[PDB]
Structures are given as structure tokens and as C-alpha cells.
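Visitor: Sequence, then structure. It's an experimental one.
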Amino acid sequence: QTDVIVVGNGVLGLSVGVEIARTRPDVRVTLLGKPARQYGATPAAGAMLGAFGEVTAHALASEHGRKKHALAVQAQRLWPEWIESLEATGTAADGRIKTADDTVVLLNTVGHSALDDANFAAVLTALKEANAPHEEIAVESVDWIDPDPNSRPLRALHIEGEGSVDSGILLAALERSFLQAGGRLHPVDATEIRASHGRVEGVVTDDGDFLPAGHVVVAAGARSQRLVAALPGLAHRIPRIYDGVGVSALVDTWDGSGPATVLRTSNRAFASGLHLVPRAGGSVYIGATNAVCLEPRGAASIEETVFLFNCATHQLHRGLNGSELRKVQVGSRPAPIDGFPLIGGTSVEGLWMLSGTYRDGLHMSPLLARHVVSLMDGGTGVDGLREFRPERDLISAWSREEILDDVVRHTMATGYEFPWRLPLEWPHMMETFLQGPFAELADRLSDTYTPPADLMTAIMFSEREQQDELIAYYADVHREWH
Amino acid sequence: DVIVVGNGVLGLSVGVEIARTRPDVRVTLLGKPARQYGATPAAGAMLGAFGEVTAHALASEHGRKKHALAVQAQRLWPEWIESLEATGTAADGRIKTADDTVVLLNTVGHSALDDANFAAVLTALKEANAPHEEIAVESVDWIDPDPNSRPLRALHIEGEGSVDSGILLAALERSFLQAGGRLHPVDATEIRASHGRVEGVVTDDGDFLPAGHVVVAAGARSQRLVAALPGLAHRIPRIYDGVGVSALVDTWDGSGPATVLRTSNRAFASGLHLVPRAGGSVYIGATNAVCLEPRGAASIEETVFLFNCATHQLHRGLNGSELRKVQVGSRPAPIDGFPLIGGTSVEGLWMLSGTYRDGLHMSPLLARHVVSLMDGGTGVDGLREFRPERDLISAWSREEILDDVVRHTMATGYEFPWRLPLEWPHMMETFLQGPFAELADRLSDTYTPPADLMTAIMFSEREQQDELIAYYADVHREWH
Amino acid sequence: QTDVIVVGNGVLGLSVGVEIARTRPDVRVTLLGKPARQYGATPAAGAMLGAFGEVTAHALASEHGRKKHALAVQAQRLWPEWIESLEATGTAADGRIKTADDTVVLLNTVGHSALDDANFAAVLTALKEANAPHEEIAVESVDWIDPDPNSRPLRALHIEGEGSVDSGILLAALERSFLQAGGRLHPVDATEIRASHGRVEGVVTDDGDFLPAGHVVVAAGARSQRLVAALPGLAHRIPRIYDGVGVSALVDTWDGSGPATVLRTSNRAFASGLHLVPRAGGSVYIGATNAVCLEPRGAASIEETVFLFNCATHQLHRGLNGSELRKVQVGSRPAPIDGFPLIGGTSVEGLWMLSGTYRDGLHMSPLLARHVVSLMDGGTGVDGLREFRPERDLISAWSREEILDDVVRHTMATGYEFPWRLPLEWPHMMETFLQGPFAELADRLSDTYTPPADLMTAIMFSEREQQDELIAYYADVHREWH
Amino acid sequence: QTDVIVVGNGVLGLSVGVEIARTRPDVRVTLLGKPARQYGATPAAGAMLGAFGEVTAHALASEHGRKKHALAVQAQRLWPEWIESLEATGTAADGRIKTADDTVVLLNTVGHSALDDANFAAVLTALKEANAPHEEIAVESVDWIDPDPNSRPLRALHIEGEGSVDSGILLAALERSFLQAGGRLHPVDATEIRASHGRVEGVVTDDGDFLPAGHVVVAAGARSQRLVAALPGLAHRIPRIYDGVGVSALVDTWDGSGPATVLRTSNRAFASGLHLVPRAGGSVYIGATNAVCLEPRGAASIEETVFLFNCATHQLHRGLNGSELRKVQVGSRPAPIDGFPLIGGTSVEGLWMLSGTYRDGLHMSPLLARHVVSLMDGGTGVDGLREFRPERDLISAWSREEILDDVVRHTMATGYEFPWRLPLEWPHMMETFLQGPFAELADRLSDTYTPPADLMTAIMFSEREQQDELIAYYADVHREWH
Ligand SMILES: Cc1cc2nc3c(=O)[nH]c(=O)nc-3n(C[C@H](O)[C@H](O)[C@H](O)COP(=O)(O)OP(=O)(O)OC[C@H]3O[C@@H](n4cnc5c(N)ncnc54)[C@H](O)[C@@H]3O)c2cc1C
Ligand SMILES: Cc1cc2nc3c(=O)[nH]c(=O)nc-3n(C[C@H](O)[C@H](O)[C@H](O)COP(=O)(O)OP(=O)(O)OC[C@H]3O[C@@H](n4cnc5c(N)ncnc54)[C@H](O)[C@@H]3O)c2cc1C
């Protein structure tokens, strides 16, 4: 037997683990990661099986964005049989993975017209282009919702067959399915990947042990690039992944009710958004904030909890105000510096990566897992994932001008989403005075690379030393690839 | 001899029609250039038929009849304007200021009014086979709202436009004089009648003017003038002052929209609209408060609310624009919610009043109706329920009005817009129901005032409530 | 038996347990209660040693209020030697009970003038009458605070020798001191007090056991009256105690700093308030909401968490916005139906109660513990606590008119404290329409008893069946005592 | 000729006209100006006799500011006898000039701490230094006011003998007193001052006439510099005066009541402020906005009317909300480009100026009139007016750094005064991004001159062509004086 080590116990690590263990009787597969799931994105997720719900005008204006969207639409088709195959290893008492079949997208005025109006139109267009079943519906026909009238939706979009899963029941089902197929769970973290003669030898663990392997799959979420970056040359050949720190909450509803569908807005300032995912047992999930952090953070800020709760109680259901808080959850969306995932092989024989999936790795997991396992078996996996190979020059999916327009719009959107109340001249004054500093920052960081808006705002408000370290990083990447 | 009492749109419109149709008779029109409490000069004005539609109005038979008359009036306006402009020159300016209207739906209001009323307007347009289109908000020209106050739906109504009310008044006066009418700039103090017939009018300079016909179109003063005649105090429904505040603004860049911009009718028959004017001016309107006594000056509250709504919901550029005039006028507000149009039990005594928000729009139809009746005709088919000598109409159940007055009260909050703890609205709804139910039960066993008047009565002095209880009891005695 | 059983493991149970064990070395004292401390007030407390800080105009306008205040002033004097005696049983690593020596009371406009202006004046007058060391200080001289300018204080009052304790370190010190003095901890709950021939026999526990005793001291917080009410006649002779559900939070500050003093407002709508209590290790405590509930609740509502966080970030320090949330805490202030504590003996020989202390049982604990132990030893304990004996007709400390004025003012204060933004006619309209329903409720409940504002609002918005049950309760109490 | 022509019929022109006519009975004094008083500051004034009420920390931090304040304190002493001398020419039935004897300054939180807190402390210090009678009073003792509780004052300062006049009754009394003393009113405007051989010959009027004179006193408000600048060399020797456009209103109060004192805040963003001046007959005056405009404007903007009304109804009396609006008034405060008035003689014999008095020309009028008449008679007038001579290099009363700090604080104050509601990170973000653009503008305008904050904000948001014209102006002034 030829040993495979999967580093990471989120949706991506476990999904690849399950696929390898089921497909490869010739391999012993060991999966690393602790039950604490420190900084874990997956346990903090609702989660929405978001393909069309995730559409933004800005994403679909780039070739790379359209390619990512096509993969999300393909992933949706795999979910019914994937769920069936995971539930089959359990019993009724393990609970149901699927919590909703459909999604309603709501349009209210608690946000920027330049994001919410543009994104609602882009979602409609993407659905029509895909010939996907959907209907614009009367807001009056949306069941369950009880918004503040001043925060109410005036348009609503029903998307058929775009639903949600319980992320906790999914994780439990993946672990159980992994064990059933002969996989071994080793509850320790990788400290170091060992390689020599251009080949992986295995992994040093944080209990001081060494585990030998012919294949190492890195699916360590936001830690994935930092782990691989220690190997020779790879610090400037694997795009950096940061922590997209997200806050969500589990609430026991006042009357034990919940909506029959996912309820969501389109993506909002700096890839945040508002949604409610149904759960069993009189619980609802509400999400979810997003802030790119240059270092990991495992606790919610006061600001994040207040913003999430204020949005949900005003825009979705005022009944949530009197509902009991059961849990505040925090996890790190793996946020790639060039805005696209890191999926496939490396220049190191037997070294694979599955990371940088940001807001929709959980949704894409069955497709991504099958792609990487096909590559490991000498196949070509899924068409169109070649552009997202982990060992690459940074992608430039947008012009600097497009990103500078976007970062100012997203900054203004943090105001409109609050929502603020300002003198009417103040917004245009702030727009005018935001342009110059962001243009200056972009010019200073690099002659060739521009970070997307989500990362550019984090860099703008970081320490001088952190900005200078990123200037050096971008210059070493340019040197490596040009 | 014919005497028209009142120099608003209704008095002058009937004056012009009489003078043009009866060249053998002397027609004299009373009223002063000051136009004290005058509704017409304070109007934009919108030729609002479909724009005026509410779910609540169209749920009553009387409301559907009023709406049918508004739709009929629209058809008369192009030829009416042509006939008034024909008596003038290019230099008098144009009566028509816009051909079309855009209705905007934003969330700066109550869902129970704005969502219901937008759906009712759409249905009314489709039922009437009126040309209209739901349009993308992005395609509405000129507007620059606060994003948190922006519309998410917009409705283009073709051939529903606006007039300059000042140029209309000047054109009516000029057309009246051209047709042989006489303007006598004094007020009527008293209508003289004996042996069941009008003799004429005593004026406030002490003179007596004889007449075979007296047409009362004195706006909110109309019923008080006729109520002095024997028996008529409890046979002519009372008319109150629907005090409205509007403003003329010189825009920062001299621009204006090509269409009327408006919301549907809001709390207590207020609303937000912009009517285009010539010369880099726009009209913004308009507040509404039923007052048991007349008021000729704007409150601070009314000016701030009108300006706040226009700058946030229509165009932030209006914030830096110059205020040219704050206008105040009294919408004639009938106690039973419907106009007073036609003849009386007194031979030669006619009334044209109680038109509230849309007398100006209905004026050519109403003028032609009353002139047809004066000539022995039957005028316009659907006006019979709105005869001025009547028992008070009960167009809605007490329950419907109690639901409406609580919704309108809550709408004053959502329209501000307020920011409150989330439990407060349901708490206020619960504690508003009892007092309004108690007031309604106390006022009368049979009559219920509509929401606009019920809120004014709720917050009036005990003595004013008791006087209204006596009024309602004397009306019941008279008609039952 | 000369055995003593203390029922409850909060500050009051443990404080009386320690005093009994130290003063009666020949007797076995057993203390009941579980480490979970379900609904526990003490673990959720900051806690402030609040005497002058707790002063309201409304409390000091009643004879009973002035008597309660005199006891709080007396309790303050006991704290230095009490803390010394508790720390003496531990070592350096157990940490310090005292976290601050002084308090600053802040006056801002994020509240009702009828509460905050009246209460600030009452605190000043109480300090001057007691000849207590204090100073009105310039707001600019208050260290650490960084309020939103629109939420800033314009007056500030320094109170010397009014400080705070770490409630967690206090509980650990009381348990350790109890063991050191020969006390036994039995981690089970009392289900039933056994009595016959007018005398306590002991306690049935929830593991089915029977523990014999000559003395039973009930300090079970908000459960105290429900436990004793099962004994013959006592349902209408021991005033009911409800749950004053309070939400607080532990925050790790952005820079590890904290204030050197307690920072607080005066008591606000329905005995809520805003305060920050210093803690060791770069943590601060923020508190604290209050809602009287007719049934217990062990979880924070969304509303409570948002209100607490919004007040602290605007009125105390905007830096708390970016600070990490470590814990949301929930506990039940024991809320007596007649507004005064239940301290002393009963008509049942050997049955004692220490409860109904609402906002300041922790502060009064050393005085209350010494009072009850003196009574148990045949003394008269502390002068002025005989009015607060647990077996009594309901106190009527205020006229019905005073309470109706108070409940409308407190209702309006929930608006001003938010703070709301309303059309200027709405407040007077709401005041006018609130008076009638509260007058009607008060008249319907009883001809003789009026619940204080905090309880009256809970009864106003309770189910018809709960109102009717309270009407019957008040009628059975009147029958028993008249 | 020994004939005197006064150009201007505001408080300054009429005050100097009265003093000349009374002191020189042997000479013909003619006063020009029309009853419309186009752009007139005086008729739009309340007016407050503001000396201590006008104190700001920023003004008193400069030597020129302390000199201006000393003149305001000296002017206050003249008012009782000045009023007596004007009322003596009339009867009871002419009405009373004085409408209040005293002023209450209110401190609320509807503003920037960096202006309102600093200015309240500066007012207190200035009063103590001048030995002026005053008292800090309980807010509860301020009669009449009925603020929104969230907008209420927490501190109040009673200033004795700092009152108000009815500006309309003052103008009528000055005209009557002028005629009584032999003055002639000629209701036309001056178009041109004629001078040759370094001496005034007289004035061309806008009806084409020529009026000869040995003395011409220019008190034409904001038109005063434009009139004199036409004479040879004077275009860069007389500092420019702009229009400080101010909006005020007359309101008939709901019940005919008014306060017994002036009610005011200290000066606020860009020399705006909130005040109520009592009037006879159930009327109150409310003021007053301020905006420096590079061209005159005779109509109120929507923004100005809403801001004035919102502040008065929330911060002074909610009863004003239901009160009737009688008149919106607009006048131009003469706003000198270097921040100080233009008072005294010129290089042209017999040519005098009284202008650039901004917020307190009306208050200073009796002192300024006496100063100019003393100079015309060969005296030295009032001590300390020498720096404010009209023919001068632009004053630099503050460092560029002081003005840049001030303009950012005033910009932020437009937010806090609204008052806005924003996410807590936004204010520091806006402060950071406002500094650079104002620093850049200041550096670009001139190497030596810096406009005060009120003018700098108007220049920042003016057209490029208007900025360039001001750069040229500053360079021509530097050339003339260096
Ligand atoms: C703010 C506002 C906005 C409006 N907007 C619109 C709009 O968009 N569309 C629309 O269709 N309509 C609008 N209206 C007007 C509405 O249609 C009215 O119902 C209509 O204008 C009433 O006309 P009237 O001639 O009956 O009354 P008025 O216009 O009030 O004319 C009555 C006249 O009679 C005079 N008078 C009083 N007593 C006497 C007496 N004793 N003798 C002689 N004369 C006397 C008065 O001084 C007055 O000039 C608006 C009104 C207001 C106040
Ligand atoms: C948010 C908040 C903030 C506060 N802040 C302050 C402050 O700043 N200053 C101050 O002085 N005080 C403060 N307090 C506390 C206040 O003084 C309380 O009145 C006091 O803590 C009550 O103590 P207790 O021991 O009576 O009750 P608790 O602390 O409730 O203890 C009772 C214990 O008995 C247990 N129990 C219940 N039933 C049984 C049973 N059948 N058998 C055995 N055990 C049982 C419970 O689980 C619980 O642990 C605060 C409280 C809250 C909720």
C-alpha cells in the first residue's frame, strides 16, 4: 500500500479523503486535523449550496470569474447523489444533510445601489443564460419573513434547486463515510511537509512524530499556503492565502419555526452578506460577516456580532430580536491574494493542494474532490480547473481601474449597509477623498499586481511594516515568474 | 343673473363654461386676488387619476365611482387647455408642464399603504386599458435619491401629466373676461333666499348683488356659507380645511424632470411629488393635515418633513437648491369623504366643493356637469351620489376605518422615517386600537369619520369633540 | 441534628456557609448546588460593590428604599477585611478578588431626563448626606474612555472607596474558604425541604437521597421562594421571587488595556444599566441588561446582546467595537414581587432564607451573612434588616400613583436609551396612550398591592392566564394577612 | 467741502451717521442706501449683543482674536446708554430696542467635543478673566426650554448683562435719531467713490448723480471692499470681504410664550450656531446658519432651513415644531479674507471704512461709530483697533498647522451637529483622509497666506478657476506688501 496523508479536516480534506478511500483499495489514507477545527471555515458555514446566489456583476465581468461560476453550476448537479452516498453510511438518527431545496434572494434598500441593484440584475441574467429554473415573485408571497417596513424587500427572486446543507451533519457524515471506507483519522496537526529529490517523503506532526507518504494533499484552509511555502522556491510560486474571518450565529426561534427556503441578499461590502439557512429542531443559522485579516483571528468582534444581528432582525424577521442566542461561530474563509482557488498538483511529485475557495469551497467540494482524485490516479479530472492550478504567477483577473472603482464602491457600501444617516453632501465628499489614497496605495504596492477590493482595504488599514512586507512579496513573485 | 362665489379652479372653471355657453346672461364671479386659504394656488398641480388610486378607496363603491370620474376628466384636458390658451399669447406661458407621470416605490413608508397602493394602481391601469409600463428604476431620468431612500420599482403612466396652477388660474380669468364674465373682487358674506328660491348675495363691502342662480365654489368655506339657510346646517355635509404645504425651488443647475415624479398617497392623504415648472423652478408637495379651523401658515414640522422627503427620495441636489416660496392652501375636506356637486332644495342654489386632493384635476368635468344641470340637462351619469344635499355617506364599515386610522398613524412613523427598538411598533399598534375604537363609538352610533378626520378629532379639545357628537346626532335626526 | 444545610452555591449561600462554618466549628455544614450554577446571578455579575452607584430618586423617595440604602453603605465597610480573610486561604496563583477601588458615574444624554438627570442629582445628594469622599470632575480628566461624541458624557462623578470584585475569583475563594473552615460541598440540588411539628427535619436531594438537619438556609437565588412555598401556608406568607434575567459579556480589549476605575451610569429603564468593571489579563466585563421574566430563561436574546454592545461601544469606548468577544453571560437577579429582599427566620424552627437581593446581594453578602448567623446564634444581627424578614405581608413601599408615573417613565426610557429617532409629536402621544392601560392593569391586579415598574411591565406583556394566576396570588396573600 | 457721505444703511452706516450728525451739528451728513437692504446682515440678525457668547478656544489662542474679544467686551459697556439715547428720540409706542438682558449658553452633545467642550471651557475662563457677572446653573432651572431628551443640555451658563435687541426696532430708532440730529437720508446706492490728488471728492450714485464730500465713510457690508478697490493701488491693499450667508427665521410660538433670556450654544462648524432671541408679540427669532460664498446669494437653501429648524425643535423647544413659520430671513455677514474687520482710515484723505465685522458688527456698532468719529476729528479713537486698519497686508493670526487642525475639526463637526449616525470606524477614517487634501490646498494657495477654516472649506469646494483666481490674488497681495 502507497500511503496518502490528507492535511486538514474541513469539507475539502474530508471530501478528498472519502473519494480516495472509496476509489483506491491500493492506498492507506490518513487524515490529519483536530476536533477543535481551529479557524475552521466549514463548522461556521450555514451552509448555502450557492451558485447563482453568489453571482456579482464584478465577478462575471472577468473571464476567471465566469470560469469559477461555470464550476459552481456544475458542482450543484453532484449534490443529490453525494448526499445519498454519505447518508447511506449512517441511520435516521444521524439527521439529514439537506435542510432546504430552494433559495429566495431579497432586494431591499439597506445597501449600496452600485452593489445590490447591479448584483440583483447580474443574478437574473446568469439564471436566464443558464436556462435555470427561477421566478421573480411578489414579496407578499415570501413565507415566514417579518422585516422592519423601513428595511423590507421590494423585489424577491425564487431559485429552484439551489438549497442548503447542515455543515455540522455534513462533517459528521464525511468522517463516518471516511472511516467506513477504511480511512484513518489521526487527530494531530502537520507542522512540516518533508521533501527531497523533488518528491514528498511525508509529514512531521505537532506531537513530534514523522508519518511517511507517497502523496500529501494540503487542504488546511487558510493555513494551506503557509505550510507549503517552507519548501524550496514555493514562497513565491504558491499564491498567498489569508483569513477571510466570518461570524455567524445559531438562534433558537421564539416559536420554533423557520423558513422553508434559504433567504439571502446578494454579496455585499467586501464579500460579506446576509442570509438565513434553515436547520432542524427550531434552530436557524444567520450569517455572515467577512473581513480579510493578515493574521488569523478565532473570536468575533463586538462590531461583527452587532452588524450580523441588526441586519437579520430588521431585513429578515423582527421575531429574531426576542429569540435566544445559542452560539456565535467564527471561521476563516481561505482568501487567495489573486482572488481564485488553488486546486491540483505542484512541481513536487506527490504534493497536491485544495484551498483558496473563499465563500464557496463547501458548495464546490464534491467537484473539487473528484478533480484532485482523478489527477492523483493519472486522469485529467474536470475541464476548466487548469487555470486554478496552485503553482502559478498571481492571476490579474481585473484592471487596476476596475479594482479602484470596486474598492471605493465597497467602502461606501459599508455606510449604506449599516445603514448610516448622514448629511446629503457627505457621501460625495467621502467618495472624492477615498479615490486618491486607494490609487496611491495600488501604485505603491506593485507595477503589475493589484489585490482585489477585499484584500486592498485590509492592506490600506494595516501597519506600514505589513504593507512593506507585501511590496517585497509582490516584487519577489514578479522576479520568480518574469 | 348668475353669481359664482369663489375664484379657485372650480369657481373660475364653472364661470368660464357658463359665460361661453350662455352669452345672453350676466355672470359675476366673487373672490379676492389674495385667495386666502386657497387650495388652487398651492397646487402643483398633477392631473392625478391613476396616481391618486389607493387600495382603501377602490375597496368602496363610492371610491370606485370617484375614480371613474377622475378617468373621465383626464380625456377633457387637452381640448380644455387648447380653449384656455387660445384667449392668450405665447408670452402668457404654457398651462401643461408634463405629459407623463412616474410613480416610485421606496421603503420610506408603511408596507400596509405603499405596497397595497402600488398593486392597486397597477390593477386600476390594467382594468381601464390605460397605457403604462413598469420600468427599471435605472431608466428614470434626473432623480438622484439617497441610496437608503431609493426606489426599487417605478411605473410610467402615459398621458397623466401636470399643469402650472398659477398659469391655469391666469388663463381661466382671461378666458372668463373674454367670454363676457365680470370679476368683482369682494367676498360673499351671506346668500339671500326666501320662498325656497335664491335672491342673490350680500358682499363684505355691504353691497347686495341680485341673481337667479348662485354657484358656491368657495373651497373649504362653501358649507359654512350655505349652512346659514333654513334646515341646511344638517342637510349639507360639513367641509373642513385639509391644510397642505408645498414649495417652489430654483434647482442648483436650472434642470427639472421631464415627467411628474410621485409616490402613491401616504399617511392621512399626504404624499410626495415633484411637478415640473418652466424657468429652472420645480414644485415639491405636499403635506396634509385636517384642521377643524382654518390655518394660513406652514408649521416648522410640515416644511422639514416636505424638504426631508424630497431631498432623500427624489434628488439630493434639491438640498443645495434655493427656496423661492413656501405655499399653504386648504384642500376642501368633506366630513363623509366625498365631494358636494350639484343642486339643492333651494331653486337656483348650486354647490361645487369638497373635492379634497383632486378638484383641480376633475374641474372641466365638474364645471360641465353643473352647467348642464343649470340648463335643464342631467350632466354626467355617475355624479348622483355626490349631490350636495344628502345624509352623510358611510362608504366603509367602522371596522375598516379603525384598521385604516391605526395603519395611517403607524405610517407617520415609517414615513419619517423613524428608528425604534423592534418591539415598539407592535406595542404602539396594540395601544392605539382601544382609544380609536372608544372615540368612534362615542362620536355616533351610525356615522364614522374617515381616518384623516378621525385623527384630527382624536387630538382636538373635548369641546370640539362634543360639538361634533351634537352635529352627528342632529344629522341623524334630520335624515332618519 | 445540629447539622446545617445551605441550599444554594451563589455568593449568598457560600458567604453564609463560610460564616457558619467559621463561627460554629462543632457543627457539620453541608452546601448544596452544582458547578453549572444554572440561572446563577453571581457568575454573570461584574461585579460592582455598588452602594451610592445604585441610588435612584425613586428608591430614596420611600422609607424602605432609604433603609435598603443605609444597609448597602454599612456593607461597604466590611469588604476590605472580608476579602483579606478569603485570600488568606489561597496562594498568589488564585489571583486577586478586588479589581478596582473607585467608581466614576457618567451622565450622557442617551437616556430619559426623568431617570438619568433625577438619579445623578440623587446620587450627589446621598454622597453629601453620608459625608462620603467624592468629587464632581471634568469629563476630560476621566482616563481611558473614548465615547462617540454624540453619546459622550458632559458630567462625571468620582466616588472614592466604591470599587469592584472579580465574581469568579470571589466564588472560587468562598468555596476554598468554606472547605478550609470544615464545610462539605455536596454537588446536588435540593428538591424538597422536609418539616413536621413546626420544625425542619432536612432536605431531599435530586439524586433521591435524604440529608437530615436542624438548620436549613435557603439561598437558591430566584428558586428560593418556590422551594419554601411547598411547606404548609408558606405559598402566601413568603413573597414570590421572579427571574431578573441579566446579560453581560467578557471582552478582550484591542490593546489589552482597561480603566483603573469602574465606569457606570445610574440605574436605567426597568433596573438595567451600563457599566464596565475592570478584570485582570487584558479582559473587561461589560453589563448589564435586566428583564423580569415570570419563568426562568438561561440564554441571552439577540436584542439584549445588541443593546449591551451598542451602549458600551458608543457611551464608554469605541475601541470595544474592534475588541474580541470572549463570553456572553446570563444570570437571574432574584427579583422579589414587593421590591425588597427576604433575609432571616421563618415560622418554621431552623428554616432561614437569604434571597430577593436583585441588583446588590453580592455587594451586601458579608453584612447579610453576618446578620443571619447572628440570628441563628440567638443574636439580633444588624439593626434595620428586621423589616426585610422573609415571612411577611407584601410591602407597599410606594403609592399606586407613584408606580404608575414610574412605569410610564421607564417605558419611555426604553426609547431614549436605544436611542430612538422619532417625529417630535410621537413621545407625548405614546405617554398619553400608555397611562390608561397601566392604570387599568394596576386596578385589575389587586385593590391593595401594586407591583413595582420592573414587574408591572412583565405582567402587562404576559399571557392572560399568567395575569389571572397573579390576581389569585394577590387575593390569597390579602386573605392570609388581613 | 466739510460734507460727510455715509455709504450704507445697516447698523454700522446708521450708527456712524447718528454719531457724526450729533457731534458735528455745523456739517451736512448724508446717508446712502435703499429700504430693500439687499443682502443686508442687520435685518436678518436677532440680534444677540454677543461678547462672551462669541468666545471660542481657537479665537482666544491668537493675539488678534484676544484683541477682537477685548473690543467686544468694551462695546457691551456702551449699550445701555446708547439704547437710552436712541429711545429718547421716540415714545413707548415705537417699541423697545432691548428684548433681553441676559443669555443662557447651553451645552448638549449634538456637536463635536473638539468645538463645544473646548468653547464652553473658553467662555467660562473669559468670563472669570473679565470679572463679568455669570453663574453655572442647573439645567432644570433654565425656564421655558423643552428639548428632545436625546438632544438636551447637561450644563448651562447664565451670563448677566449680555442680552439682545430687536434689529428692526434698532434700525427704525437709528433712522429716527439720525433725522432728529439733522442727518439727510438719500435712498440711492453709491456706484463709485471719486478721489484725485490723494483726497476724496465725493460719490457717484446709481441714478447718475454726483454728491460732493470732504469725508466718505464706507459701511456697505459685504460690498465695502469692492467699492473702495476701484481706487488706484487699493485692489491689493484693502483685504477682500466675502458673503457669510446666514439663514434665520421668525416663528409665532404655539402659545405666544418665549424665553426671558437669549438661549444659545457656542459657535459651531464654520461659524454657524444655534440661538433663540426673544421678540415682543408672541414671536421668537431662531438663528443662524453660516456659509462663506465667493458670490452673494439672497435666498435660503433647503439644507439651511431644515438644519436651522431641526436644531431649534430638538435642542431648544419641541413646541416650535407645531409653531407657525412667519419668515425665513437671509443676510450676508461681511466675511474678511484674513478673519478680522476693516475699521479706520486709508491712504486717501477723508476716506474711512467700517466693515468685515462678520458675526458681531451689530454688537460692536456703538464702539466702531465712536472710534471712526474720533479719528475724523483728529483723535486716535479706541485703543487696540490699530491692527484692524482697512489698508493692510493680510493678517496671519494663526499658523498653517493651527488652521489645518481647525478646518478638519469643523468638517467633522458638520457630521456631529447633524447629528449623523455612522459605523464607529468611519469618523477616524474620514479624519485621516481629510488631512491630505486640505494640506495640499493650503500649500497650493500661497507660500505665506492661509485662509481661515470658514473660507478654506468654501475654496476647497469651489471651481478650479475660482481657486486659480484666489492664487493670483494672494500673489498680487504678496508682491504689493513685500
Ligand atoms: C398643497 C396642495 C396641493 C394640491 N395638489 C393638487 C394636485 O396635484 N392635483 C389636483 O388635482 N389638485 C391639487 N390640489 C387642489 C385640489 O384639487 C383642491 O380640491 C381644489 O384645488 C379645490 O379647488 P376650489 O376651487 O374648490 O378651492 P380653492 O382653490 O380654495 O378656491 C376657493 C376660493 O374661494 C375664495 N373664497 C373663500 N370664501 C369666499 C367667499 N365668501 N366669497 C368669495 N370667495 C371666497 C378663497 O379665497 C379661494 O380663492 C392641491 C391643493 C393643495 C392645498
Ligand atoms: C448581569 C448581572 C450583573 C450583576 N452585577 C452586580 C453588581 O455589579 N453588583 C452586585 O452587588 N451584584 C450584582 N449582581 C448580582 C446580584 O447582587 C444578585 O442579587 C446576587 O448575586 C444574588 O446571589 P444569590 O447567591 O442569592 O443567587 P445566585 O447567584 O443565583 O445563586 C443561587 C445558586 O443556587 C443554585 N440553586 C438553584 N436551585 C437550587 C436547589 N434547589 N438546590 C441547590 N442549589 C440550587 C443555582 O444554580 C445558583 O448557582 C449581578 C447579577 C447579574 C445577573
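Guide: Great, that's in hand. Numbering: from 1, shown residues only, chains lettered A, B, ... in the order given. Ligands and ions are numbered 1, 2, ... in the order given.

Visitor: residues from the stretch 201-350 of chain A in reach of chain D?
Guide: Neighbours of chain D within the stretch 201-350 of chain A, by Cβ under 8 Å from any Cβ of the partner chain: residue A:303. The C-beta positions use only the backbone N, C-alpha and C, and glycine is treated the same way.

Visitor: What distance do you get for the residue of the stretch 251-400 of chain A found nearest ligand 2 to chain C?
Guide: Per Cβ to the nearest ligand atom, residue A:325 is where the stretch 251-400 of chain A lies closest to ligand 2, at 15.0 Å. Counting by Cβ to the nearest Cβ, to the nearest Å, the gap from residue A:325 to chain C is 5 Å.

Visitor: ok, that residue touching residue C:303?
Guide: No - Residue A:325 is not in contact with residue C:303 according to Cβ atoms under 8 Å; the separation is 9.8 Å.

Visitor: quick one on the thing from earlier: any idea what the residue of the stretch 251-400 of chain A closest to ligand 2 is bridged to?
Guide: residue A:251 (DSSP bridges).

Visitor: can you tell me how far it sits from residue C:293?
Guide: Residue A:325 is 16 Å from residue C:293, where distance means Cβ to Cβ, to the nearest Å.

Visitor: For those two, indicate the residue with more neighbours.
Guide: Using other Cβ atoms under 10 Å in any protein chain shown as the criterion, residue A:325 and residue C:293 rank with residue A:325 on top: 22 against 15.

Visitor: and the residue of the stretch 51-200 of chain A found nearest ligand 2, how many neighbours?
Guide: Among all residues of the stretch 51-200 of chain A, residue A:148 sits closest to ligand 2, at 28.1 Å; criterion: Cβ to the nearest ligand atom. Look at residue A:148: counted by other Cβ under 10 Å, it has 23 neighbours.

Visitor: cool, and residue A:38?
Guide: Neighbour tally, residue A:38, other Cβ under 10 Å: 13.

Visitor: need the contact list for the closest residue in space to it that isn't next to it in sequence.
Guide: Once flanking residues are discounted, residue A:38 sits nearest to residue A:298: 6.4 Å by Cβ to Cβ, 6 or more residues apart in numbering or on different chains. Residue A:298 is in contact with A:38, A:39, A:330, counting by Cβ atoms under 8 Å, 6 or more residues apart in numbering or on different chains.

Visitor: hang on, residue A:390 in a strand?
Guide: No - counting by DSSP: H, G, I helix; E, B strand; the rest coil, residue A:390 is not found in a strand; it is coil.

Visitor: so what's it up against?
Guide: A:228, A:238, A:239, A:342, A:343, A:344, A:345, A:346, A:353, A:355, A:356.

Visitor: Kindly report the same for residue A:33.
Guide: A:7, A:8, A:9, A:10, A:13, A:187, A:189, A:220.

Visitor: List buried residues within those residues.
Guide: Buried members of the contacts of residue A:33, counted by 16 or more other Cβ atoms under 10 Å in any protein chain shown: A:7, A:8, A:9, A:10, A:13, A:189, A:220.

Visitor: now, which of these lie within helices?
Guide: Among the buried ones among the contacts of residue A:33, the ones falling in helices (DSSP state H) are residue A:13.

Visitor: from the buried ones among the contacts of residue A:33, which is closest to residue C:112?
Guide: Of all the buried ones among the contacts of residue A:33, residue C:112 sits closest to residue A:10, with 49.9 Å by Cβ to Cβ.

Visitor: what's the spacing between that closest one and residue D:457?
Guide: Residue A:10 is 53 Å from residue D:457, by Cβ to Cβ.

Visitor: Can you tell me, leaving aside adjacent residues, what's nearest to the residue in the stretch 101-250 of chain A positioned nearest to chain B?
Guide: Residue nearest to chain B within the stretch 101-250 of chain A: residue A:154 (3.7 Å; Cβ to the nearest Cβ). Spatially, and ignoring its direct neighbours in sequence, residue A:154 is nearest to residue B:152 (3.7 Å; Cβ to Cβ, 6+ apart).

Visitor: Next, that neighbour: phi, psi?
Guide: phi -110, psi -10 (degrees, to the nearest 10).

Visitor: Quick one: residues contacting residue A:306.
Guide: So residue A:306 contacts C:306, C:309, C:310, C:313 (Cβ under 8 Å, 6+ apart).

Visitor: quick one: which of the contacts of residue A:298 is nearest chain B?
Guide: Closest to chain B, out of all of the contacts of residue A:298 and judged by Cβ to the nearest Cβ, is residue A:330, at 25.4 Å.

Visitor: Okay, and the beta partners of the closest one?
Guide: Counting by DSSP bridges, residue A:330 is bridged to residue A:247.

Visitor: No more questions from me, cheers.
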